[PDB]
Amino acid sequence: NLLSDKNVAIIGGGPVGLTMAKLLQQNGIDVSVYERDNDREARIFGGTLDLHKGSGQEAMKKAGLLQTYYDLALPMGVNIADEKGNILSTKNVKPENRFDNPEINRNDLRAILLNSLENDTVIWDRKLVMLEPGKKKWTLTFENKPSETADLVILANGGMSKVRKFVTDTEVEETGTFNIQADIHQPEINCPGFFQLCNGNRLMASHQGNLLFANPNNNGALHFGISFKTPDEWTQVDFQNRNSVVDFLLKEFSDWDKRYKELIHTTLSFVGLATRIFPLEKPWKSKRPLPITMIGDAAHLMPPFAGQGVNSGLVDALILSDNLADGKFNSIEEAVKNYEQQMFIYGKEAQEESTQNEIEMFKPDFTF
């Protein structure tokens, strides 16, 4: 093993960093995960994730966690609707497709990963702020906590990682769209009309440049997203004030059936975020002081409009761990390089599809 008298620091305990830690730990490699979250019960905001056969599910299979993923995940139909609430198309789960890509809740996935690892693999309340290369080890700086050291740092700390300079100078870019997200609890009570329009399936509608998506059953909460081209005026809506977000959305959704408006009216709080991409446009630095790399959204953040996200990141996990597993290479450096080479190819394919589908969907006359 290349890592024999060494240790690995994974920065970030997302699904990709925790899968990374598991695939390494089952090969006897000494890894820690350093996670900003205060403790393992912190709520992860967001929709559900779906792991695909051939990618995500391969990583889970390699981890021995596939069946656990299946047990906790929920396959779902898809309804496409118009702005008037007409169902244009219903695609139900067929028994033979049940396992293709079942929806799992993000805390549920994290709990599966965390349970899979040895005790104290993950070190909570650790926010990496600085990285410094030493003689033979990285020194790792964490806000108000002891510093630590590692032979190999894997950055897994998501799309907005601030500690990427030693791998690449490339910067995150805005793509021109924007997403507003929210949860509604007791959706059967609080948005009955909309809840009944979803009728146990996911829901998508498209009208005049505004896209609505919803999953009515993320562990009992409805999660919806509203996406659109960033208005040129923007920020001129304040996501801390629910009144200004409501006003903006009721204006944009004036044309839409009352059931969708009710959705907006009953939401307590909204999260706004500009869509971003970390583009795989140019090779990463070949001159590097010590072995360091990136996986997941740290490596290839891309728009979430073709289901590309976590799966390609799980594949990074699989490919990197296989590579670091063997004496197949002469050096950690070579193992990292080979991984980075494959990831550029399937990464860039994914980003091309995200971008392309993003262009496609926000064409004024788009129809699902």
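A residue's number is simply how far along the shown sequence it sits, counting from 1.
Gap between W234 and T235: 1 to 3 deposited residues without coordinates. The deposited model assigns a higher average Cα B-factor to 285-293 than to the other stretch when 154-162 and 285-293 are compared. Here 131-139 and 80-88 are compared by their mean Cα B-factor, and 131-139 comes out higher. The entry assigns its greatest Cα B factor, within the set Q57, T48, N27, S312, to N27. When the Cα B-factors of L66, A299, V33, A306 are read from the PDB record, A306 comes out highest. Sorting the modelled residues of the chain by their CA temperature factor places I189 in the highest third.
Sort the modelled residues of the chain by CA B factor and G272 lands in the middle third.
Among all modelled residues in its chain, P95 ranks in the highest third by Cα B-factor. When the modelled residues of the chain are ordered by their C-alpha B factor, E252 lands in the middle third. Looking at the C-alpha B-factors along this chain, the one for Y260 belongs to the middle third.
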